[PDB]
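Heads up, the thing below is written out as structure tokens.
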Amino acid sequence: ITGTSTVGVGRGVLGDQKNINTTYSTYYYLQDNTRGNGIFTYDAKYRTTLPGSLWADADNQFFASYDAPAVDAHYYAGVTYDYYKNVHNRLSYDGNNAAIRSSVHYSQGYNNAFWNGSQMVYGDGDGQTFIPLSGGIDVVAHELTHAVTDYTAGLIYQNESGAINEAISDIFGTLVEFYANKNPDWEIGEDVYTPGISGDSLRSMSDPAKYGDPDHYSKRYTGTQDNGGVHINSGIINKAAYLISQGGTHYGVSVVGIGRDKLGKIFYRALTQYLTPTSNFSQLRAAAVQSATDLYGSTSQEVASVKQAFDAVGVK
Ligand SMILES: [Ca+2]
Ligand SMILES: [Ca+2]
Ligand SMILES: [Ca+2]
Ligand SMILES: [Zn+2]
């Protein structure tokens, strides 16, 4: 909508207070004009028609519990925008400042979030398995990263290329969490998963096997569930990325860690310059090796670590 840029205040899903960029025209709308062509947050109103209504508020204060998921979806989209811009010189998901749109209160008790090809969508969870999924920055950045992948490598969402797609989202999701720097970790979705159980998460990058995901190629899932195991086999690549950043010895193979920034640089380069729709894990290794060579040189520690990490997970 046409209006003037204003600044509201509210609380997010975890009861934390934050400022949000809004637009004023009769009502205060969840419309951030300060980033690219804007960030727009909508209310799906417990239904499944998308996007629903541009979020409108009478007084520019967002402290109702109904408000909380919207506050977080909006705020975290802005953080993710800032990460891509400041860290990788990328303007929104398409690289040309495309508008970022999110819908919250999708369906009733919906325990998931997704990119639907055009926008992000977040359920409120059932209160048992999940609370409102936009409460997790790693979740928000995970979904927005799907948009990035779609516009770049375009990895097909099935089998090995699908697992790479998923891993990229977990990786950047985590890197965004580290960038905002509020109790970051290498787990996915801990902030919004199982309110009754402390210390767990949906998936682990440091130790995929904790939640029954493979951590080595020999353990790859080859069935047809989960689009041929896109959320399962991603564990193999998640583990590799973790090793590249943090180092360690895995099934007897040692990796010298090079840190999160270099990890981000190598994978961002692979994603935008080398990966294709049909890339398999082996092609990922080659893409990451070439990225590292471009950035740091053929004989660098960075190249050696990429190689070691892929070795550790049994990807040749
Ligand atoms: Ca209000
Ligand atoms: Ca996390
Ligand atoms: Ca929990
Ligand atoms: Zn995903």
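To match Swiss-Prot, the residue numbers of chain A are left as they are there, and the shown ones run 233-548.
Method reported for this entry: X-ray crystallography, 2.1 Å.
Using N, Cα and C of the backbone, Cβ positions are placed for all residues, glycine too.
The Zn(2+) site recorded in Swiss-Prot includes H374, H378, and the single candidate from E398, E419 that the record places there is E398. Only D289, of the binding-site residues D289, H374, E398, place a Cβ under 6 Å from an atom of ligand 1. Checking the recorded positions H374, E375, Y425, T426, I429, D432 against ligand 3 with a 6 Å cutoff on the Cβ atom leaves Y425, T426, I429, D432, in sequence order. Summary of the Ca(2+) 2 site environment: with the site residues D370, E409, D417, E419, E422 set aside, the chain residues having Cβ atoms within 8 Å of the Cβ mean position are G368, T406, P416, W418, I420, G421, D423, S433.
Listed binding-site residues: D289, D291, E398, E419. The one with the lowest count of other Cβ atoms within 10 Å of its Cβ is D291. The distance from the Cα of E409 (Ca(2+) 2 binding site) to the Cα of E398 (Zn(2+) binding site) comes to 17 Å. If you draw a 10 Å sphere around the CB of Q293 (Ca(2+) 1 binding site), it holds 13 other CB atoms from the protein chains shown. For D432 (Ca(2+) 4 binding site), applying a Cβ distance below 8 Å and a minimum sequence separation of six or more within one chain yields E422, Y425, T426.
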